[PDB]
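Protein chains in written order, with my numbering: chain F, 1 to 72; chain H, 1 to 895; chain Y, 1 to 49.
Here a beta-carbon is modelled for each residue, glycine too, at the ideal position from N, C-alpha and C.
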Amino acid sequence: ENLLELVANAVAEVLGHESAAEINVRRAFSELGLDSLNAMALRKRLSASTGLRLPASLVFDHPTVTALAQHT
Amino acid sequence: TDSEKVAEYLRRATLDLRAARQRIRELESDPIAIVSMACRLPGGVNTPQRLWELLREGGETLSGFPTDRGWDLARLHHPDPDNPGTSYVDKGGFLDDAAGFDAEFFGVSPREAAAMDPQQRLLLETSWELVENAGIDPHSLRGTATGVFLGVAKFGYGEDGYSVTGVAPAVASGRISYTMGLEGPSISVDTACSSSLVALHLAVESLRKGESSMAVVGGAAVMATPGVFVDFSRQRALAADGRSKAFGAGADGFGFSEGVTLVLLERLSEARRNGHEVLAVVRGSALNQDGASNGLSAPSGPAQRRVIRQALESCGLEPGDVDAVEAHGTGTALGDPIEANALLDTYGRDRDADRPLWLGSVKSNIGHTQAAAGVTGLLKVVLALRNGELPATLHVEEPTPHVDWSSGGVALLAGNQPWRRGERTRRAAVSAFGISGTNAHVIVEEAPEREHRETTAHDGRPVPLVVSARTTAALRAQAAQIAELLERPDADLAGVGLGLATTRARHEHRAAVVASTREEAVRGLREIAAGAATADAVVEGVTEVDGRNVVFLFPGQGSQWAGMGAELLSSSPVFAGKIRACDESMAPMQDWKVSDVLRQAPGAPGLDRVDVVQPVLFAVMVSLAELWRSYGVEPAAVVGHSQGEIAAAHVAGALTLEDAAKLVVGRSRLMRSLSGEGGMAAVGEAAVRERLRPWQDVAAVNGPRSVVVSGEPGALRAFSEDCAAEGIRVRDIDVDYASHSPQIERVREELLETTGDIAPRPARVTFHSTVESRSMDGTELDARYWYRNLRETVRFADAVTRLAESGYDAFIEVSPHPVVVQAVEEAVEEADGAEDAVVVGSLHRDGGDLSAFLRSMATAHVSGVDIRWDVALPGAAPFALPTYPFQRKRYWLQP
Amino acid sequence: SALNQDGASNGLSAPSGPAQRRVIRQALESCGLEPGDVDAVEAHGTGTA
């Protein structure tokens, strides 16, 4: 639950947002705006922060931000 | 017959010939109706506001070189026309704000939004507004065959990251079809100042070929960089005091600033069939080239005459059937005399005798507007048809003396002329001449008159007023405009949630209000963006699934209200019809009428004897379902228990009406022989199970703490008092009976012989039961099953929990009862399911009426489940609709 | 000939197959020839995807 803020600020950084808090937790990635290799940039940011692996299927595993509890 | 088959062949040949000629005529020419319009001119939105209002007097040319953009000042302006890198004339209108955008509404990242030409943003906004202002819900256009045929030019770029910057200023921006989800052809043309016009021509052809249903035609410009204002200043073409004068005593040719315009076109027959609104008709166009002239950029009169005559021939009309012409003004020292001479030569030559051909130009009042000029002319002409007046601005008195202005029937529009309807159907023409040398001409005609309508309403008739699409816009804030956009000086009804275009699917947020007196929207709903409400449903839906699965509950035995309402019986017709049908079905076996008891008419029996209480409730419950199903709510897994098992079976289609009624009455009568011999208890399962050991006497499990246990006669009252000495939420029990208990006995098998007459049928949807924690099936129901229903324990909470994590899921427990009795009270969060639980109620226990049912539906319209509100409003007409707020600055990378 | 738009599908790029299916069908049906007369097809293919 502590990494939710990490995920939110990583998403804001990769998407160009500055508030890092005005992001709908329960919303699809497409509605919030996303493209191709933005996912791999987010994966690199998570690997730098969390240190976990890069399954590359996490985006389609759970598009909603509120379902980002798969870490660890 | 030899003398008959030949006649039949002749008739078929004649019919086929007529059809073929009609098809040929349709293909070679077909009226095209203009359905809607939207524009963004510098200084104000569109339609009336920035039009019939401003066009009455004029003005414009506010000058004021924009400061929001970079645009280094104090250097562009210099008095010397021959200065190397400066430019004179610092006047010229401009858009109030070009950096405004919403971004999040259309789902684009702010990083990509910053690197984005303003033309695309303005085009997206204007296209949404255009679709909205047509009575067509934008979300229904998805998957259709509409195409875009626009014309856009590249005006500067950002001279200062894995993507974009090669796709945003890409000219070919057909991303409108990407966002909306269209399938028609997407084309971006470029033919200088006439581009929009020729674009229009292409669309017409597609609309006559059947490859597209509706078309979007328009143009745009932004003038991002100083650019043109410098370069033309070095050509000595642009002149000071940039008020362009058409057919006067001046020569400027001023290159006015940006402007965005769009229109929607559809075939006339389709528009009439579907039921849209028609404003004007296009019935001919022509294009040509100046050919080899005396210069690359120089008009040629013969080409203009040829194109005008070609357009007239294509329309199949006569040159004397046009009353007003909009000219390609572009006030210069050479173009105006040539255009005037060409018009005099082609439209003159004894036009009528007394009727003169009125002439005007929009550019004399609004500016050149670059590529979107020609379509802008349309925005004038059509309005002249809708107001019976010619907006003759033409801010110049003395005409040009070079051209023989007199001795002709072409009169300049000095003042204003009435344009009233009546005989001699009105017609008009527009023309455009580009720099490259392409000329276009178009003829437009007034729409046919069909306006009768009717008047209704003004009765009580409570009307739902579902919000004007509380949407993905910031989850807040925008509610403000919807609160204030609904300000009614003098009107009524105005069905917004109707098929009316404003629908917008209420993207995520949604809200509702139900009343019939006044607005009350400026009340709590208004401050809901920063506060709370009093009696209005507010929802935070996420449209997890737009169409939710549906299930119903049917347990009663304890509602026992004081009369299940009567106003809805008089008002709602389907409820009364079902009640009457049930009464007729039950009439030939028992004397009592359910309607009489419901109305509380004199002579009706009291609500004490079970023989009346049990059937009447049944007669209500099914009817309630018939109401819900009447609103597009189709259940799937009715799971109601107790005496409502049979009601659920009837809703499931496994039983007939008369069979269920006779079973109900027989069961009640046979049970009536037992009285004052039983009673349950209302409460931990293990605690009561281990505590009831000293007694030889379980009924139902409604939850972790709502278990109903089987009891015994008055010794059970003593046990209940003993428990009430402790806590354990000791409660009371209803009328005496010992159902779901072994203490029934008595007739026993006598029921099976008396109650066995049924012909069970396969279930239509699902008949999941509580006696067995699994789905039942049709034709598997027998008198023994209902005997065990009254004898065995009820497993309700476990079944509900099992269904909660089931595949259908959807947490849409409705419970159509005259009482709340929703003892489930969620109790599904500990079922490894989702979190968007609805568990809505039904008709209120005490304050129940049609308005209460509408309120319950609105409170049901929360989350995802959808209903058709048009049923509640039989006979109406859409009124009007505003648009979406809240742009923000993006500044398009100034450094 | 025939023309159509891919519509809303994934990102702006990376076209969708059904759109190509529909455009092929429309092109074949415009002239009125069954899809058994074409002997060679010119393809528009470049690298990935």
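Check                                                                                                                              : Outcome
Alpha carbon of H:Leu207 to alpha carbon of H:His509, nearest angstrom                                                             : 38 Å
For H:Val514 and H:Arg855, believed in contact at Cβ under 8 Å, the rounded distance                                               : 6 Å
Distance between H:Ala654 and H:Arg764 (C-alpha atoms, nearest Å)                                                                  : 7 Å
H:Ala286 and H:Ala311 closer than 7 Å at C-beta                                                                                    : yes
H:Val164 in three-state terms, based on DSSP                                                                                       : coil
DSSP-derived helix/strand/coil call for H:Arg548                                                                                   : coil
Neighbourhood of F:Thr64 by C-beta, 7 Å cutoff - its chain only, sequence neighbours within 5 removed                              : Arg26, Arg27 and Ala28
For H:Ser585, the nearest candidate out of H:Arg420, H:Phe618, H:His276 and H:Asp870 (CA to CA)                                    : H:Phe618
When H:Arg667, H:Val821 and H:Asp734 are compared against H:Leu752, the one with the closest alpha-carbon                          : H:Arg667
Three-state class that DSSP yields for H:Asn439 in the structure shown                                                             : strand
At least three beta-carbon pairs within less than 8 Å, the region 23-39 of chain H to the region 357-367 of chain H                : no
Contact residues within the region 35-58 of chain F, judged by C-beta distance below 7 Å to chain H                                : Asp35 and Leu37
Per-residue contacts from H:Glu183 into chain Y (C-beta, under 9 Å)                                                                : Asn4, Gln5, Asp6, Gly7, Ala19 and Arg22
Members of the region 453-472 of chain H near chain F, C-beta cut-off 9 Å                                                          : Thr472
Interface partners of H:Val542 on chain F, CB under 8 Å                                                                            : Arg26 and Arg27
Pair within 7 Å by beta-carbon distance, H:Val263 and H:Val217                                                                     : yes
Members of the region 154-172 of chain H near chain F, C-beta cut-off 8 Å                                                          : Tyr162 and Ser163
From H:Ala877, H:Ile24 and H:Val6, residue whose alpha carbon lies closest to that of H:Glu454                                     : H:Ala877
Below-7 Å beta-carbon distance, H:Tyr178 vs any chain Y residue                                                                    : yes
Interface partners of H:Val108 on chain F, CB under 7 Å                                                                            : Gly33
Which of helix, strand or coil DSSP assigns to F:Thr50                                                                             : coil
H:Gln614, buried or exposed, once every other Cβ within 10 Å from all chains shown has been counted against 16                     : buried
Backbone secondary structure at H:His77 - three-state DSSP                                                                         : strand
7 Å Cβ cutoff met for H:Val403 and H:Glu326                                                                                        : no
Distance CB(H:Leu334)-CB(H:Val410) smaller than 7 Å                                                                                : no
Buried or exposed (CB count within 10 angstroms, at least 16 for buried), F:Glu22                                                  : exposed
Residue range of the alpha helix (DSSP H) that includes H:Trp52                                                                    : It is not in any alpha helix (DSSP H) - H:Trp52 carries neither H nor E in the DSSP assignment.
Contacts around H:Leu55, its chain only, beta-carbon distance under 8 Å, and the 5 residues preceding and following it disregarded : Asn365, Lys380, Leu383, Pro391 and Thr393
Residue-chain proximity (H:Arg234, chain F), Cβ-Cβ < 7 Å                                                                           : no
For H:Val551 and H:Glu813, believed in contact at Cβ under 8 Å, the rounded distance                                               : 7 Å
Status (buried if at least 16 other CB within 10 Å, exposed otherwise) for H:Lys209                                                : exposed
Distance CB(H:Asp231)-CB(H:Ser244) smaller than 7 Å                                                                                : no
Three-way DSSP call (helix, strand, coil) for H:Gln304 in this model                                                               : helix
Nearest neighbour of H:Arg450, chosen from H:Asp2, H:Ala98, H:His276 and H:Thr191 [CA to CA]                                       : H:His276
Residues near H:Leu182 in its chain [Cβ-Cβ closer than 6 Å; skip 5 each side]                                                      : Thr146
H:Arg693 beta carbon near the ligand NAD (any heavy atom closer than 6 Å)                                                          : Of the ligands one can find in the structure shown there are none, so the ligand NAD has no counterpart to examine.
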